[PDB]
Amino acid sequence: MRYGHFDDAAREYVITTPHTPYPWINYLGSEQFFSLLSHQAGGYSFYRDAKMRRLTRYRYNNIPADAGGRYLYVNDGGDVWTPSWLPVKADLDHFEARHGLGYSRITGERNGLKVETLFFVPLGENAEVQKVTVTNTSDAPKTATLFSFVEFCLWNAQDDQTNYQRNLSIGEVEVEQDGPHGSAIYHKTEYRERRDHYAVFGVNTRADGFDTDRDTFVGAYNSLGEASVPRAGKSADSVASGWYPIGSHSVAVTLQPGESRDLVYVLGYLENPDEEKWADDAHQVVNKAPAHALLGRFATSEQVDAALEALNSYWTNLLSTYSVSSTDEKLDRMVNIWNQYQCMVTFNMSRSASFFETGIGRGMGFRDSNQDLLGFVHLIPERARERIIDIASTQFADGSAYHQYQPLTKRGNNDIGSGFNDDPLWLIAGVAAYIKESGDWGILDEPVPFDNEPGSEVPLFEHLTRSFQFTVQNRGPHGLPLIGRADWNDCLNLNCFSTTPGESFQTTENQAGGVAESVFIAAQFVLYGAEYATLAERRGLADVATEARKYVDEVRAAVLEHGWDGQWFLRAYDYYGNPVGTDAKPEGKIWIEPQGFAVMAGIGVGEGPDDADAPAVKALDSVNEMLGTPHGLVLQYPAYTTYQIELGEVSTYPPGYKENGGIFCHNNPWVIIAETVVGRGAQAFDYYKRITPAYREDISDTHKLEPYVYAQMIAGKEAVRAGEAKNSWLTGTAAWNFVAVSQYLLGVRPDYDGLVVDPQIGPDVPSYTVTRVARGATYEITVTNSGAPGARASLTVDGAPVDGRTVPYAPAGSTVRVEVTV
């Protein structure tokens, strides 16, 4: 069934009940300030780093889930309820939650009083703004008192959750009931010492009362749903001293029949130069100048609407680079709105903070952020360019690099492991995608240091040679690249052999020696190594280029000679040179990663989709038969049923979940693309629909998570929970699926010198038009698609047929019309 519906004209998902299978959230902000907001006002906000600068507290695995956030307690004649339903759970006459692009609206109505709240992070602002509209829907005048509520976090989320022996005595706040634009509360924990920042929580009106101490506001023995203050109907004007600081204002409202009133609340992040931190000589009063300015910028509903309009224009402009109009509205919906929206989120968040990733140990992964670029370069190329520079700056002189870096400092760390041999090549993938998109070859000349070291700068292209050379010089006995800690699959640890519980397979020291090789890195090298070669040729390096393509040829040969099992590609060779992912073994006979990536690299591709002799065709057929399910393709089959000490973390998961038999959505688009390469568009489009949000909305009670964004994994067959997803939002499957549908299914993909139009989506989408802005020109691509198996397009440009499927880039400001016949 469903718990809501898409509203395409408004670019929102409408949740019609608070009783969803799981908390469904939205991300506010797209610059440096972010907020996680559930359809029940749950979540938290942070500035740049969810671990080091978290403004508000949020409890993971709470009972019940998501029982804390931005609340507005309404007391109407003694009756207390919250429009977000939770935490009070009063019966509401009406309830609706709309998640839009960069903003959300939550509305609850009870006994003649409707309360709607608009949540969003304004462009250029480090704050979350709430515009509350309370309306009297009865035929008689009403009065009520509204109590706002937000629980602060002590900035360092990790410290906040574990170091009470210290932090229960450091909570500090300041109260300003009579500010220039209304009342405001200041959370200044540790501002006394090393912090040059504080948070503010204010409203555009002089509040009747306030509260900053949670225990006083909530009351002993009470949950947020039984908060004492709202029930009493009067603030306690508590001034916190240690323990748990909060922000709360009481506002008395009076409304004639049909009359409404707006209230604007602001949660802001402020900083002061060290030499202007205090308002007094005694250094006891925080300088509120920046806070006042901010509150002044959102003192009226007109300012809020103006900012919301700018955010709308912002998104209209971002989404104008790639769009499609076809016969499939679920497809259009994904392509024009949601997939691109999610790509903005993953670009900004990586895999750090969601309702699954706790925003503590994970920052910006090297592999993750490079891949996120693939689906983000068309949105804001300049930010992609800077990201590439930041990512490459955490690379080592020998080619390898830190697996991730801390958001706040942009410095690498080993917190979640090191020495993953697939990491280096991803840098080449991200740069190539960026050059193809923007044509900014100058980026290759950008000076980039190694591990942020002063004096170690070399041109970015040199960094790429280091990455390319790292693989060529780290191949094993079969000519395949050594896997190291692991490859794309973090759970394939062939140099681990751990028997000690508790220690993460991710950071437990690997064993020296062995000949563990990866077939995945082999295909990855064949694919991106070829791009490296092209980048070198363009720079005039015939020497470097020529050698590079030789190595690519050697590894390609190695894959066919030593990485072929008979009906599908081998996965790897373990520490002892034993094959992994072979039909000879009882479990884990076939692994999906190499099948998709090898064919993407053109390995084993025959003369056509019906060439049942080509290994690429055999591999894909095997994938379909052994890994296919109604919810997507599982990682490997059969799943491991006992701990395989030589394979690492993989077999530690019960069958059907995560890397052991689960549908790891991220690698499904690789098979999708592989199928388009071989010329089987119908099957590729089929796989796309099995895991895409819009197509799975009708089974929301099974998927359970958000119906408008991709998740990391869906329980595979073999799991009692088959079809149920976990880890929504933060996943590379967003970037890879946008790549798949926009560039290979719909077929519009940027190349170095032109735009290739190579549709391969099958018969289910007979006609569509893609509007693509590229290199400053607008391309109107009109496709008439027969869907014929293996049939590829022929183009006519501006009234004249052309050869091939690559349209040379037209000059900026131009508008070219290409007619496509497939």
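Quick note: we count residues from 1 along the sequence shown, nothing fancier. Rigid core here is just the name for the largest C-alpha set that superposes within 1.5 Å across the two forms.
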Which of 695-703 and 276-284 strays further in 4 other deposited structures of this protein - Cα RMS after rigid core alignment: 276-284
Of the two stretches 598-606 and 719-727, which shows the higher Cα B-factor on average in the entry? 598-606
Highest mean C-alpha temperature factor of the two stretches 141-149 and 416-424, which is it? 416-424
Out of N317, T212, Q712, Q567, highest CA B-factor residue: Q567
Member of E125, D372, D159, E537 with the greatest C-alpha B factor (per the PDB record): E537
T784: which third of its chain by C-alpha temperature factor? highest
Lowest, middle or highest third - CA B-factor, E226: lowest
The third of the chain into which the C-alpha temperature factor of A791 falls is the highest
Quick tally, chain-level thirds of C-alpha B-factors: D764 sits in the highest
Lowest, middle or highest third: where is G42 by Cα B-factor in its chain? lowest
